[PDB]
Amino acid sequence: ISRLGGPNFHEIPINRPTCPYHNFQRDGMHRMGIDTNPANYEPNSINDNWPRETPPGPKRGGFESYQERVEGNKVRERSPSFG
Amino acid sequence: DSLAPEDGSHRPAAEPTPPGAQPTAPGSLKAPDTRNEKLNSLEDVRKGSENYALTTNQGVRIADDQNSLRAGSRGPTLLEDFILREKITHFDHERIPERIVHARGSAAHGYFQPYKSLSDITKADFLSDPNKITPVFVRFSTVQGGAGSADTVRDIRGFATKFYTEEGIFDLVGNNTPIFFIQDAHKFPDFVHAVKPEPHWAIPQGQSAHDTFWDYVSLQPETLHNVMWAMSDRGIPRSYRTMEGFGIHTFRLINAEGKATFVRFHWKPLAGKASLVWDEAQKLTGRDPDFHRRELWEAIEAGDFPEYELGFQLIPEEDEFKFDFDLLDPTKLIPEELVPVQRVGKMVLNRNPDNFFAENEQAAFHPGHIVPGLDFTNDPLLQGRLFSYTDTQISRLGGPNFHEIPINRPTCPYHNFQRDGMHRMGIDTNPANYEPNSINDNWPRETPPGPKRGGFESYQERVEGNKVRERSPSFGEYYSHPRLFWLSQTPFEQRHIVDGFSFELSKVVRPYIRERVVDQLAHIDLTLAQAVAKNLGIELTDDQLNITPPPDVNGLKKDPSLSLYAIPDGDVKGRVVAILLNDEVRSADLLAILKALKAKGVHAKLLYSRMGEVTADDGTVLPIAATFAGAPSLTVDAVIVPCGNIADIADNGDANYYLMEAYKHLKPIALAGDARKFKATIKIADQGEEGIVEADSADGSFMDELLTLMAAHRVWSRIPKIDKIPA
Amino acid sequence: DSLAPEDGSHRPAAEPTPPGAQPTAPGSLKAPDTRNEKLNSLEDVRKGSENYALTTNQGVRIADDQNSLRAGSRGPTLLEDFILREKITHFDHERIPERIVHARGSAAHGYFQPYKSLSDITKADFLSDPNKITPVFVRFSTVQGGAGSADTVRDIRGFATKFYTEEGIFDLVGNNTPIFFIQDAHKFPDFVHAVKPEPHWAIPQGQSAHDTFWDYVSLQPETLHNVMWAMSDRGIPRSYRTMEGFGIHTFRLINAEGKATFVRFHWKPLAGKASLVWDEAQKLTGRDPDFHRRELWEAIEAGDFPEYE
Amino acid sequence: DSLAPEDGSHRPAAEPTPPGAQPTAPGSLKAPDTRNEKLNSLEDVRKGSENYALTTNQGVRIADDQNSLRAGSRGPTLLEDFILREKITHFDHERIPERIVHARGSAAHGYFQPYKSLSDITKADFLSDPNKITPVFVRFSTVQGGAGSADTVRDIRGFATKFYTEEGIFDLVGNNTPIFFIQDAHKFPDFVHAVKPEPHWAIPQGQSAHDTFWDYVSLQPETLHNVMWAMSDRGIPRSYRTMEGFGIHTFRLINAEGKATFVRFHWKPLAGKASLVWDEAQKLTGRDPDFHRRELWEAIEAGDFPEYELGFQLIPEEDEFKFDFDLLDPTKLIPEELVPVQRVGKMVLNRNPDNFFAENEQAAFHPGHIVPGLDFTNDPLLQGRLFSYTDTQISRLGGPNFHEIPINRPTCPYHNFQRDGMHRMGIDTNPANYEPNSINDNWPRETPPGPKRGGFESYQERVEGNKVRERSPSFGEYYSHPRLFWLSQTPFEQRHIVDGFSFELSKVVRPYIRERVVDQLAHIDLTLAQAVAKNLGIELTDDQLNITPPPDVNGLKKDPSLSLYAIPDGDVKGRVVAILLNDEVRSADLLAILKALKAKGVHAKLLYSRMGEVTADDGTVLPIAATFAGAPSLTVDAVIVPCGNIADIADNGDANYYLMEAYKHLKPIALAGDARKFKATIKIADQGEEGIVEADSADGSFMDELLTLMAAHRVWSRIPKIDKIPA
Ligand code: HDD
Ligand code: HDD
Ligand code: HDD
C-alpha cells in the first residue's frame with residue numbers, strides 16, 4: 001500500500017494475472033480497470049449475482065481452506081518443541 | 001493595517017454565550033480556561049497569529065501577499081517566485097482521502113469520570129477510581145455520505161470516543177443503534193457498497209433510498225434488525241446530544257484475578273432521546289446541511305455541554321448460552337429487561353476544537369485500541385474490524401506514524417523499537433532498535449501482566465474447531481429482534497417506521513425489489529407488512545398473510561427501553577424557540593416569554609421579515625436575529641408569537657408558512673393575544689387544541705404550558721390532523 | 001443464481017428511454033452502439049462480469065464470499081484468511097483526495113466537430129476540418145462544496161472539456177460566468193479559504209453565505225463583478241444543459257503564418273439559458289442533492305443529449 | 001531482562017574518543033553538552049528509552065514481545081493480535097522514496113559565524129554581526145548512487161548546508177566542483193538519466209563509467225568542464241572534510257540601500273584538500289562502502305570537527321559583461337586569479353544526529369530557500385532548480401507539510417494562512433485562514449522591506465526580450481574552461497585525469513562513443529587527447545592533431561587554486577596510521593610512535609593477524625583494533641611497522657600485502673629496526689628512497705619525518721615506481 005501506492009498494485013502490468021479476475025472491489029488510487037457491472041456488491045439480483053462464487057472441486061473450483069483441527073487456548077507462547 | 005472595526009465587534013467574547021449571540025470561534029479562543037490533560041498537551045503544536053509577521057513556511061517574511069512576481073506589471077509570472085509556488089503548492093495538496101465510511105462527522109473535546117471504582121470486574125486503569133479524570137475526544141458521524149454531505153439524513157450515526165488513559169488509548173467506536181446490519185466482517189464491503197452511491201453515476205448521496213441498498217437487504221435477512229432502527233425515527237436524530245450510543249459487540253472486562261465478564265457498552269444521553277420527523281429532516285438537509293455540526297458546536301459554546309452516561313450490560317461467562325440469541329451475533333441486541341445497564345460514569349463534552357481539519361478530520365479511532373482490563377470476543381464482525389482500522393490509515397493519514405498526529409497522541413508514555421515511516425516526528429535516541437538487546441540493557445522492556453500498570457495479555461479463551469469459512473448456525477435467526485423492536489415502539493413510532501419503509505421503497509425503481517422487501521416484513525409482523533404493502537400498491541399473498549410470527553425473545557413481547565418516547569425523558573435545556581415579531585410588539589409578552597425561557601435554559605431567536613431592529617410598544621428596541629425564510633421553523637423546537645401589531649405580519653406568507661411548517665412537524669406553538677388570529681392558517685378550532693398554547697397574554701401560566709409541551713418534545717396527538725394542511 | 005427475477009425486469013433496456021422509465025445503467029451497457037475514438041480506446045481496460053467466477057485480484061476463485069475463515073464456526077478469525085484481508089484492504093483504501101476545488105462534479109463523454117476549417121486564424125488540428133471529429137469528456141461542477149455536497153447550491157459552476165485531439169490533449173477549463181473573482185493567482189488560496197467552510201468548525205458546506213466570504217469581498221472590490229453573477233440567478237442553473245460556459249481568460253490563436261489573435265472562449269447552450277429561483281434551489285438541495293448529476297445522466301439516457309456551441 | 005554486561009562496557013563514554021576506541025552512538029548521548037539553538041529546539045521530539053516500558057504506539061504496555069497470539073502454542077495466528085499487526089504494519093511502511101539524485105549522503109549538526117558584519121553588501125541577518133551564531137545542518141552526498149550505494153565512488157559530491165537564521169531558513173545547496181555539467185535545467189532529466197543506471201537492466205550503480213553517460217557527454221560538449229573535474233582526483237575525495245564546496249551559480253547579495261552585488265559561494269576546507277587514488281577508491285567501495293559516512297561521524301565523535309570557511313567571489317553589477325564567459329553560465333568557473341574569494345565566516349560541524357532516518361533521510365534542502373539580503377539571477381540552471389526542490393518533496397516527504405518534520409523546521413517564527421495537507425502538525429487558532437481579513441485584524445501581516453527584519457522583495461532586475469526557448473549565444477563556448485582546468489593541474493594530477501578518462505572509456509562498450517569523446521578531448525588539449533587515445537588503442541587523425549586549442553580564459557594560462565595539490569595546504573589532524581604489530585613489539589618504539597601521533601591529532605589503529613591482545617617486550621598488553629585483512633591499508637593514510645619479533649609476521653602474506661597496497665597507493669611507510677626486512681617486499685634500495693622512513697628505532701627524527709610525509713598527503717614521486725609492482 002505504500003511501496004506500490006495503493007491496493008490496485010495487481011493492475012501494475014508485471015503483477016497482473018493472465019487468467020480471469022472479476023470481483024466487487026472498486027476504486028482505490030490509480031484504478032485502471034473500468035468496471036461495467038451494474039452491481040458492486042453480492043448478493044445482487046441486478047446483475048443476476050455475477051460474478052459468482054464457485055464451489056471447491058477437483059479442477060477450476062473455488063478456494064476452500066483445509067479443515068485443520070484447531071485446539072488450544074488463545075496464547076502468546078512459543079511451542080516447547082521449537083526450543 | 002487596521003481592518004478590524006474600531007468597536008471591537010469582530011471578536012467573540014471568551015465567555016459562554018447562547019446560539020447566535022456572537023460569531024463562533026476556535027475552542028481555545030472561545031474558552032481558554034477550559035482545560036484537561038489532552039488539551040494542555042496539544043499546546044506544543046497550537047499556533048497563534050496576532051502580532052506575528054506573515055511568512056513562508058521556511059520563516060521568510062512576505063512583503064507583498066497580493067501579487068505574483070512578473071517581468072513588468074502586465075508581464076509573465078516568473079518561475080523564481082518561490083513565495084507564490086510554496087503558497088499554491090500547499091493549497092494544491094490540502095485534501096487527504098476522507099474516511100471510507102463515516103466521512104461526515106462532528107467532534108469535540110471533553111472528559112470522563114467513573115462513578116465508582118470497577119476494580120472488582122476490570123483492571124482498566126481509567127475505571128479504577130472516581131477521581132481518575134480521563135480526557136476524551138468524541139466524533140459523531142453519519143455513515144454513508146461524504147465529508148461534504150448533509151447532517152440530518154436518514155442513516156445510522158457513529159459515536160466514537162477516544163479515551164486518553166494513563167495506560168494507553170482506548171477507542172470505544174460505536175453507533176447510535178445497538179446492533180449492526182451484518183454478521184461477518186467479510187461482507188462489509190458488500191453492505192457498504194450497496195448503501196453508498198451506486199457505482200455508475202454516484203447517486204444517491206447520504207441516502208439508503210435506492211435500488212442496491214434494498215436489493216442487498218432483500219437478499220440478506222440478517223440486515224432487517226438494523227434496517228428497522230434506521231427506518232424508525234432513530235435514523236433521524238434531533239441532535240447528537242439526544243441519541244443513544246452503543247459499542248454493539250460483546251467485549252470482555254478482565255479483572256486482576258483474570259476473571260472475564262462479557263460486556264456490552266452503552267452511552268445514555270443525559271439530555272434525553274429526541275428525533276426529528278422525516279419531512280423536517282429531509283427539508284433541513286437543504287435549509288442547513290450543517291445543522292447537527294452547528295448544534296453541537298453552539299451547545300458547547302453556550303455551556304449546554306453534551307453529557308452522556310457510560311453504561312455496561314454485564315453477563316457472566318457461564319451465562320454465555322442462556323439467551324435464545326448468540327451473544328457474539330452483532331445483529332442481536334441484549335434487551336435491557338433481561339440484562340440491565342449498570343451506570344458506570346459520565347462524559348461531558350465541553351470544548352470545541354481549534355482547527356477542524358487538524359483535530360477532527362485527522363483523528364483516528366479504532367476499536368482494536370483497547371487497554372489491559374478489556375478484551376475482545378469472537379464476534380465475527382468485531383474480529384474483522386480489528387484488521388481494518390489500522391490498515392485504512394496508511395492511505396488516509398499517509399503512513400504508520402498516524403499516532404504522532406497531535407490529536408491521536410497518547411498522553412501516557414509510549415516507547416518501542418519501531419522506527420522510520422513517512423513523516424516521522426519522534427527522534428529516537430535509543431542505541432538499539434531491536435530487542436532483545438544488551439546495548440541499551442534491553443530497554444524499553446516488556447512488563448508482565450498484573451493488577452495495575454502491567455502489560456497486555458489476552459484472556460486465554462479455549463479455541464476448539466476446524467478452520468472453516470462458516471456462519472454459526474446460532475446466528476441464523478433474523479426476525480425475532482426486528483419484531484421485538486417493532487412491538488416496543490409507540491403507535492406513532494410504528495407509523496413513522498411504516499412511512500420510512502414506504503418512502504424508501506417508493507424510490508426503488510425495480511418493483512420486484514420492493515415486493516421482496518415486503519415479503520421480508522411479512523416474516524416480522526403482518527400489520528407492518530400490510531401497511532407498507534398498501535402504500536406501495538402491493539397485495540400480500542395468501543401465503544404471506546399466514547406466515548407465523550417469530551418467537552418472542554426469552555419471553556419478552558416488548559421492551560420500552562427500545563422506544564425513543566415510550567418512557568418520558570425530555571430535557572428542554574439547550575432547546576430553542578423561534579419568536580415571531582411584528583413592528584410594535586407588546587413588550588410585556590416578550591419580557592414574560594424571555595424570562596421563563598431563560599429560567600429553563602431554553603434559547604430564543606427573534607425573527608422578522610427583514611434584518612435590523614423593530615421597536616416595541618414601550619420603546620424597547622428589539623434586535624432581529626434572522627428573517628422568517630432565513631431561519632425556518634425546521635431549526636427550532638417550538639414557535640411563540642407575541643401580541644402587538646399583528647396586521648404587520650398577518651398577511652406575511654412567510655410568517656403564515658412558519659406556523660404551518662412547525663404545525664405539520666408536531667412542534668408546540670404558542671399564540672398570545674391578537675397572535676391568535678393565526679389559528680385560521682393552521683385551522684385550529686375556537687375551543688383550541690392540545691399542542692397549541694393560547695391566551696390573552698403571555699403570562700407565567702402560558703409559558704409553563706409551552707415549556708411542558710417542549711419537554712414532551714413533539715405533539716404526537718396532532719398526527720391525524722396534519723394530513724389536511726397544505727405544507 | 002436464481003436471484004434476478006424471471007421476467008428480466010432487473011435489466012434496463014439498452015435503448016434511449018425517458019427519465020424514470022428504467023433503472024439507470026453504466027453507459028456502455030445502456031448505449032452499446034454509441035462510440036467515439038476515445039470510448040473505443042478505453043475498451044482494453046473495461047471489465048465485464050456476466051458469467052465470470054468471483055475471484056481475488058490475483059485470479060483465485062472464491063468458494064465462500066459470505067464468511068471469514070475462523071477456528072470453529074464461532075471461533076476467532078484467522079490471520080491466514082488472505083481472501084478476507086485482500087477484500088477489506090481494497091475497501092480500506094478506496095478513497096483518493098477530492099479536488100481542492102470543484103470536488104462536486106458530473107461528467108459525460110461526447111464529441112466535437114468544427115463547422116468550418118479555422119486554418120486562417122489557428123493551426124490547431126482539431127479546428128482544421130469540418131469532417132474532423134474530436135472525442136470529448138466534459139465535467140461540470142460546483143466550486144466550493146465537497147464531492148458529497150449538493151448540486152443546486154448557489155455557487156459558480158465549472159465547465160471543463162477534455163479534447164482528445166490528434167496533436168495532443170486540449171483541456172478547456174472554464175466556468176459558467178465570463179469573469180473570475182480575483183485578478184492574480186497568488187490570492188487564490190485566500191479567496192478559496194474565504195468561501196470554503198470556515199476553519200474552526202468546517203461550516204458552511206456549499207455556501208458563500210458566511211462571514212469570511214463577505215469579509216474577503218468587502219476588502220477586495222475586484223471580486224464584486226463575479227459576486228454580482230453569483231448573486232443573480234446565474235448562481236443557480238436549472239441544469240448543466242441550460243448554462244453558458246466561458247474560458248474567462250484571453251488566450252491566443254496562432255496560425256501557420258505565426259500570427260497571433262487574442263481569443264476568449266465561449267460555450268452556448270443549445271437548450272437555452274435557464275435557472276431556478278433561490279427558494280426552489282435551496283429546497284432542492286434537501287429533496288434531491290443529486291439533481292443536476294441525475295438530470296445530466298437522464299438526459300443522455302433519454303437521447304436529450306446536452307449540446308453546446 | 002538485564003542483558004547489559006555488569007562492567008558497563010556496552011556503553012560508550014560521553015567524551016571525545018578516537019576512532020575505534022568506543023562503539024559509536026547517537027549524538028545527544030555521545031555529546032550531551034554540545035548544544036545549539038536548533039539542537040535545543042529538537043528536544044520536544046527526542047525520545048529516550050532507558051527505564052521505560054515497551055509499548056504499542058497507542059501507549060499500551062506489551063507483556064510478550066517474542067510471540068504472536070495463536071490458538072494453541074502450535075496454532076494459527078489470530079487476526080485479533082493488534083500488537084503484532086501494529087508492529088509489522090510500522091515495519092512494512094518504514095521506507096520513503098529516496099532522493100532522485102544525491103540519495104547517498106551523510107550529515108551533521110554544527111554552527112556558523114561571520115568574521116565581520118557584511119551589512120555594507122548584504123542585509124542578510126545571519127551575516128550582520130560576528131557574534132551572531134547560526135545553527136546549521138549539513139549533508140554531504142554523492143550524486144548518482146542510491147541511498148545504499150558506496151561512498152568512495154568517482155562522482156561529484158553534494159555539499160548542502162541548512163542555515164537556521166532568525167529571518168528564515170537559508171539553504172546553500174552546492175557541490176564540490178565550481179561548475180555543473182549542463183547549462184539549462186530543462187536537460188536535467190536527460191543528463192541524470194544518462195549518468196544513472198541504464199533503464200533496461202539498472203547497471204551500473206555509483207558510476208559514470210558506462211555507455212549512456214559518455215554518449216551524452218560526446219553529444220553535449222557543455223558537459224566537458226565538469227567531466228574534467230570528475231575524471232580528476234576531485235571525483236574521489238579522501239573525506240568530506242578534505243574537499244572544497246561551491247554554490248556554482250552566480251547569486252545576488254542585496255544591501256539595505258538596495259544595491260545588488262553578484263556573488264558566487266565557496267567553502268574552503270580548513271583540513272585542506274585531499275583525494276584518494278582511483279585503485280584505492282574503487283577497492284575501498286568494496287572493503288568499506290561506508291568509509292566517508294563513518295569517517296565524518298568518527299571525526300565528530302573524536303572532536304576533529306569538520307571546519308569550513310565560507311568565502312564569496314564578489315562582482316559589481318557594472319562588471320557583468322567583463323569576462324570572456326557569461327557570469328550566468330553554470331558550466332563556467334570564475335578563476336580566483338581574476339576574482340579572489342573574500343573570507344566571510346566559519347562553519348564547524350560538531351554533533352552527529354541521533355537518528356539517521358529522522359534527521360538525515362528526511363532533511364529537505366532547496367536553493368530557493370533564500371532570505372532577505374540574497375536574491376537569484378537568471379542562470380538558466382538555477383532558474384529551473386527553484387521549481388524542483390519544492391515539488392519533489394511532495395512525494396519524497398509525503399506532502400506540503402515537510403517543513404513541520406523536526407529537522408526542517410525553522411527556529412524563527414513562521415505564521416501564514418496555509419492550512420491542512422497530509423500529516424498536518426500545527427494546530428492554527430487564527431479565526432481567519434485568508435487575508436485580507438478583518439476578523440483577526442489582518443494578522444498575521446505583511447511586512448515592508450527594510451534594513452533588518454523586513455519582508456522579502458525581489459531585486460528589480462530589468463527584463464527585456466521575447467518569449468524564447470533559446471540558449472544565449474554567450475553560453476556556446478565549451479573548451480576553454482576545461483583547458484584552463486587541465487593546465488592548472490600538476491603533472492601527476494594530469495596523469496590521474498588521463499587515467500580516469502581512460503578507465504571510464506574502457507567500460508564503454510560501443511567503440512564509436514570512445515572515439516567521439518577522444519575527438520572532444522582533442523578540442524581541449526592535444527597532450528590530454530593523445531594520452532587517452534593511446535590508452536584506448538586509438539590513433540588521432542591529422543585533422544585532430546591540428547585542432548587549434550581554445551583561447552586562454554581572460555589571459556590566464558593557468559590558475560593554481562584549481563589544483564588540489566599545486567599549493568601545499570596539508571593538515572594531519574584527524575588522519576590515521578596503521579601500526580602493524582608483532583608478538584613481541586619493542587615497547588619503546590611504540591611509545592615514541594603513539595605519542596608523536598597523538599601530539600598532532602593523528603589517530604592510530606593497532607593491527608595484527610588475529611584479534612585480542614599481544615604482549616610487548618616489557619609486558620605491556622597491547623589491545624588489537626583489527627586484523628590486517630579486517631582494516632586494509634585503504635582505510636589509513638600511512639603505515640608504520642615497529643621493531644620486535646618481525647619473524648612473527650615476516651612471512652604473513654596479509655602483512656606483506658598491506659605494505660604493497662599502501663606502497664602502490666602512494667602512502668608514507670615507516671619501518672623501524674628489523675621492520676626494515678619488509679623493504680624487500682616493496683623493493684626498496686639499501687640506501688632508501690623518498691617516501692619511506694627508516695631507522696634503527698622509532699626515536700629521534702623518525703616520527704617527524706613520517707609526519708612531514710603525511711602533511712604532503714601522498715608520495716607523488718613514487719608514481720613511476722608503482723607502475724610495475726604486482727598489487
Ligand atoms: C471491517 C471493516 C468494518 C466494519 C465491519 C465496521 N467498520 Fe467501522 N469503519 C471502518 C471499517 C469497518 C473503517 C474503514 O476502518 C473506518 C473508516 C475509516 C476509519 O478510520 O475507520 C471506520 C469508521 C467508523 C466510525 C468513525 C470513527 C471516526 O469518527 O473516525 C465509527 C463510529 C464506526 N466505524 C463504527 C462502526 C460500528 C459500531 C461498526 C459495527 C459494529 C462498524 N464500524 C463496522
Ligand atoms: C492557482 C490556482 C487556480 C486558479 C487561480 C483557479 N483554479 Fe481552477 N482548479 C485549481 C487551481 C486553480 C486546482 C487546484 O488545480 C484544481 C482542483 C483540482 C484539479 O485537478 O485542479 C482546479 C479545478 C478546476 C475546475 C474543475 C476541473 C474538473 O472538473 O476536474 C474547473 C472547471 C476550474 N478549476 C475552473 C477554473 C477557472 C475558470 C478559473 C479562473 C479563471 C480557475 N479555475 C482559477
Ligand atoms: C531541476 C532540477 C535540478 C537541477 C538542475 C539541479 N538539481 Fe540538485 N536536486 C534536485 C533537482 C535539481 C532535486 C530532485 O530536487 C533534488 C533531489 C531530492 C531533493 O530534495 O532535491 C536535488 C538534490 C540536490 C542535493 C542534495 C541535498 C541533500 O543533501 O538533500 C545537492 C547537494 C544538489 N542537488 C546540488 C545541486 C547543484 C549544486 C546543482 C547545479 C548547480 C543541481 N543540484 C542541479
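Note: hydrogens, waters and symmetry copies are ignored here, and every other heavy atom, side chains too, is used. Just so you know, ligand 1 is whichever comes first in the structure, and atom 1 is the first atom listed for that ligand. Protein chains get the first letters and strands the later ones, always in sequence-line order, with residue 1 at the start of each.
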Quiz item: Given the protein's heavy atoms, is any one of them under 4.0 Å from atom 42 (C) of ligand 2?
Solution: no

Quiz item: Is the shortest distance from a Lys or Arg side-chain nitrogen in D/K187 or D/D184 to a carboxylate oxygen in the other one below 4.0 Å?
Solution: no

Practice problem: Measure the distances from the heavy atoms of C/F246 to every atom of ligand 2 and state whether one is below 4.0 angstrom. | Solution: no

Quiz prompt | Shortest protein contact, atom 24 (C) of ligand 3 (heavy atom only) | solution = D/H102 CD2, 3.4 Å

Quiz item: Which atoms of ligand 1 are found less than 4.0 Å from any heavy atom of B/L381?
Solution: 5 (C), 40 (C), 41 (C)

Quiz prompt | Nearest-option assignment for atom 36 (C) of ligand 3, heavy atoms, candidates D/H186, D/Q183, D/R385, D/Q383 | solution = D/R385

Practice problem: State whether the shortest distance between N or O atoms of C/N175 and N or O atoms of ligand 2 falls below 3.5 angstrom. | Solution: no

Practice problem: Heavy-atom contacts with D/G174 under 4.0 Å: which atoms of ligand 3 show up? List them by number with element. | Solution: 32 (C), 38 (C)

Quiz item: Of all the non-hydrogen atoms in the protein, which one sits nearest to atom 29 (O) of ligand 3, and at what distance?
Solution: D/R139 NH1, 2.8 Å

Practice problem: For B/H249, counting its heavy atoms only, list the atoms of ligand 1 lying under 4.0 Å from any of them. | Solution: 41 (C)

Quiz item: Hey, is the main chain of B/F159 close enough, under 3.5 Å, to the side chain of B/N176 for a donor-acceptor pair?
Solution: no

Quiz item: What residue and heavy atom of the protein are closest to atom 27 (C) of ligand 2, and at what distance?
Solution: C/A160 CB, 4.0 Å

Self-check item: Contact partition for D/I248 relative to ligand 3, non-hydrogen atoms under 4.0 Å
Solution: side chain

Quiz item: Judged by modelled atom types alone, do C/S141 and C/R104 share a side-chain donor-acceptor pair under 3.5 Å?
Solution: no

Quiz prompt | Protein residue, atom and distance nearest to atom 30 (O) of ligand 1, heavy-atom basis | solution = B/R99 NE, 2.7 Å

Self-check item: Nearest atoms (heavy-atom pairs only) where B/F365 meets B/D171
Solution: CA-OD2, 3.2 Å

Quiz item: Out of D/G368, D/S395, D/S388, who gets a non-hydrogen atom closest to atom 11 (C) of ligand 3?
Solution: D/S388

Quiz item: Only one of B/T331, B/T223, B/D379 forms a side chain to side chain donor-acceptor pair (under 3.5 Å) with B/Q183, so which one is it?
Solution: B/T331

Self-check item: Any protein heavy atom < 4.0 Å from atom 33 (C) of ligand 2
Solution: yes

Quiz prompt | Atoms in ligand 1 with a heavy atom of B/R396 nearer than 4.0 Å | solution = 20 (O)

Exercise. For the pair B/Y240 and B/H292, name the ring-plane relationship: parallel under 30°, tilted 30 to 60°, perpendicular over 60°.
Key: tilted

Quiz item: Above 12 or not: heavy atoms from other molecules or residues under 6.0 Å from CZ of D/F357?
Solution: yes

Quiz prompt | Pair C/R85 + B/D391: basic N to acidic O under 4.0 Å | solution = no

Practice problem: Considering only non-hydrogen protein atoms, determine which one is nearest to atom 17 (C) of ligand 2 and report residue, atom name and distance to 0.1 Å. | Solution: C/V101 O, 3.6 Å

Self-check item: Those atoms of ligand 3 less than 4.0 Å from some heavy atom in D/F159
Solution: 32 (C)

Practice problem: For atom 9 (N) of ligand 3, state which one of D/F387, D/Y389, D/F180 supplies the nearest heavy atom. | Solution: D/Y389

Quiz item: Is ligand 1 less than 4.0 angstrom away from at least one heavy atom of B/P330?
Solution: no

Quiz item: Between B/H193 and C/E94, does any side-chain donor sit less than 3.5 Å from a side-chain acceptor?
Solution: yes

Self-check item: Stepwise salt bridge (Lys or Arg N to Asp or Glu O under 4.0 Å) test for B/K87 and C/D190
Solution: CA-CA 10 Å; B/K87 178 182 182 181; C/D190 295 309; 2.7 Å; yes

Self-check item: Flag: protein heavy atom within less than 4.0 Å of atom 20 (O) of ligand 2
Solution: no

Quiz item: Is the B/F181 ring parallel, tilted or perpendicular to the B/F191 ring (thresholds 30°, 60°)?
Solution: parallel

Quiz item: In terms of ring plane angle, is the pair B/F376 and D/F82 parallel, tilted or perpendicular, where the classes change at 30° and 60°?
Solution: perpendicular

Quiz item: Going by the atom numbers of ligand 1, which of them fall below 4.0 Å from some non-hydrogen atom of B/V173?
Solution: 31 (C), 32 (C), 33 (C), 35 (C), 38 (C)

Quiz item: Which is closest to atom 15 (O) of ligand 2 by heavy-atom distance: C/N226, C/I100, B/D92, C/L172?
Solution: B/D92

Quiz prompt | Heavy-atom nearest neighbour in the protein, as seen from atom 2 (C) of ligand 3, with distance rounded to 0.1 Å | solution = D/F188 CD2, 3.4 Å

Quiz item: Taking side chain as C-beta onward, heavy atoms only, is D/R99 less than 4.5 Å from D/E361?
Solution: yes

Quiz item: Could an N or O of ligand 1 be found under 3.5 Å from any N or O of B/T392, whether backbone or side chain?
Solution: no

Self-check item: Parallel, tilted or perpendicular: ring planes of D/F265 versus D/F251, cut at 30 and 60 degrees
Solution: tilted

Quiz item: Is the closest heavy-atom distance from D/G384 to ligand 3 below 4.0 Å?
Solution: yes

Quiz item: At a 4.0 Å threshold, what atoms of ligand 1 neighbour a non-hydrogen atom of B/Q393?
Solution: 19 (C), 20 (O)

Self-check item: Minimum heavy-atom distance A/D27-C/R95, with the two atoms named
Solution: OD2-NH1, 3.9 Å

